[PDB]
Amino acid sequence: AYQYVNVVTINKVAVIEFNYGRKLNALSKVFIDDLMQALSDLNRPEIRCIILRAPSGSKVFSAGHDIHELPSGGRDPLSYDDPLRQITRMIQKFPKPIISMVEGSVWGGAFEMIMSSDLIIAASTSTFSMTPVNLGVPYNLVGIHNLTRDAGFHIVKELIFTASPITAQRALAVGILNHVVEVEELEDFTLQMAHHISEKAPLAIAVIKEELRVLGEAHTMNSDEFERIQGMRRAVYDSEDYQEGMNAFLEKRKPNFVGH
């Protein structure tokens, strides 16, 4: 049993359903630790396909990173062992396909999380927002890279620079989503595809997913470039704007950014 998720397996498909709606499935450490334990427990030969979903009728799929657990005092908010960074690596390395089945609105880290999964099938009423510029967060290289494998650079830069929600219809048009269906068809459509996948060769699926993962990561740079970017990110998470971003969220007001 898990406190923050509910797992149902039928035949060779496991459905991991979020159970943290009192905090709109915000990516708190306790919630992510349960999701990763549930996935680890499902890493067995008789499980062939995973679905991630919010409960039926959710208005909010996930409110993204828990803003209360973002560090304020000059620590990197997206370091390698941050729970969001851990879950995306775990999904990408997991030797089974993982389908995000989306009903409701997706925000920030949660958008990265579904982008790191293998397929996204969404309700026609679902919406998607990438939010670091609303909070002054210097999103990390790995995290940004996870957002660049589906839609083109211009579309990705519109999403990030505006932080404006896009519809499921537009997310489908630009290459982010596999399918958009009416919400009443969402479970049936997704289960049919997951059950179809689970009849295919799991060892071929596992090595092809791993090859894609390696190819997707194989954008290489020298140590000086990385260290230069890390200096840039530190200046951002050291900024008054980053403090203003978090303060504005806690005070339920609009941030006033000034460029320091």
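Basically, rigid core = biggest C-alpha set you can superpose within 1.5 Å across the two forms. One-based numbering along the sequence shown.
Asker: Which of the two stretches, 169-177 versus 67-75, has its Cα atoms farther on average from this form in 5 other deposited structures of this protein when everything is superposed by the rigid core?
Answerer: Farther from the shown form on average in 5 other deposited structures of this protein: 67-75.
Asker: Would 70-78 or 168-176 have the larger average of its C-alpha temperature factors, as given in the entry?
Answerer: Of 168-176 and 70-78, the stretch with the higher C-alpha B-factor average is 70-78.
Asker: Which has higher Cα B-factors on average according to the PDB entry: 244-252 or 8-16?
Answerer: So the stretch with the higher mean C-alpha B-factor is 244-252.
Asker: Going by the entry, which of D118, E184, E112, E158 has the most elevated CA B factor?
Answerer: Highest CA B-factor of the listed options: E184.
Asker: By its CA B factor, does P132 count among the lowest, middle or highest third of the modelled residues in the chain?
Answerer: Its C-alpha B-factor belongs to the lowest third of this chain's values.
Asker: Sorting by Cα B-factor within the chain, modelled residues only, which third would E46 end up in: lowest, middle or highest?
Answerer: It falls in the top third of the chain.
Asker: Ordered by C-alpha B-factor within the chain, which third holds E210? Give me lowest, middle or highest, please.
Answerer: Bottom third by C-alpha B-factor.
Asker: Among the modelled residues of this chain, does the Cα B factor of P83 put it in the lowest, middle or highest third?
Answerer: Ranked within chain, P83 CA B lands in the highest tercile.
Asker: So where's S62 on the chain's Cα temperature factor ranking, which third?
Answerer: It falls in the bottom third of the chain.
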